[PDB]
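Shown next, in structure tokens, is the structure this report addresses.
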Amino acid sequence: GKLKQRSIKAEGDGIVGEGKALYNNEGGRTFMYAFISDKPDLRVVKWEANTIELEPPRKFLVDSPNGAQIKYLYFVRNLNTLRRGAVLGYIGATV
Amino acid sequence: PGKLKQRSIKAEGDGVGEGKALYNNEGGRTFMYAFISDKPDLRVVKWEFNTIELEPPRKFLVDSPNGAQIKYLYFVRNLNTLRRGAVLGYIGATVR
């Protein structure tokens, strides 16, 4: 199950944050699994004219030249278990 | 979190096989999740420390520098759906 990405703008409350969404283009149709962002407090992503709420950020640290960095993983509302492991499978390969 | 690993090993069947094994490590404790081989239809992966039994292989293709390619995927017996997803999400990135 290959996993793709699409940079997108999310929203918190007064927080408005851009970031990278993880999706899945099975045949013609799309499906967003998770959203990786650097600002917490984020509430909703707007995906397609359709809104998507997010979840309690799980926290972790990803490296780089400019330094390993705090990061915030958001699973979309009620993502089935199998796809959650699938998300963590992708990240913990590209780290 | 986080962190999934790889280590080549030999697996047996009622009959032998060899291939990739996706595994994990925590506070020193070494966990095995899945085994990948081009050969059906093995039973066990022996890990020198247990007789770890394998599920019937799920089957998949990957594109290569020499065309199309068969490999089988064996989850371990009764592996929790969560950890099943990472195996699949990992491979997904890992190969094509």
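Protein chains in written order, with PDB author numbering: chain A, 7 to 54, 59 to 105; chain B, 6 to 20, 22 to 55, 60 to 106. For every residue, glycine included, the Cβ atom is placed at its ideal position computed from N, Cα and C.
If you look at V97 (chain B), you'll find it in the alpha helix (DSSP H) that goes 91-104. In this structure the stretch 72-79 of chain B does not lie against the stretch 75-85 of chain A, because fewer than three pairs of beta carbons, one per stretch, are closer than 8 Å. Put simply, of B:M38, B:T36, B:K45, B:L9 the residue whose alpha carbon is nearest the alpha carbon of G20 (chain B) is B:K45. For the set B:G25, B:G34, B:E54, the Cα lying nearest the Cα of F41 (chain B) is the one of B:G25. The secondary-structure analysis by DSSP pairs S43 (chain B) across a beta bridge with B:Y82. Per DSSP, the unbroken beta strand (DSSP E) holding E17 (chain B) starts and ends at 10-17.
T61 (chain B) carries a strand assignment under DSSP once its states are collapsed to helix, strand and coil. In the DSSP assignment, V22 (chain A) falls within the beta strand (DSSP E) that extends over 22-29. With respect to the C-alpha of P6 (chain B), the residue from A:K69, A:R93, A:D73 having the closest C-alpha is A:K69.
Close to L92 (chain B), with beta-carbon spacing below 7 Å, are these residues of chain A in chain order: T91, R94, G95.
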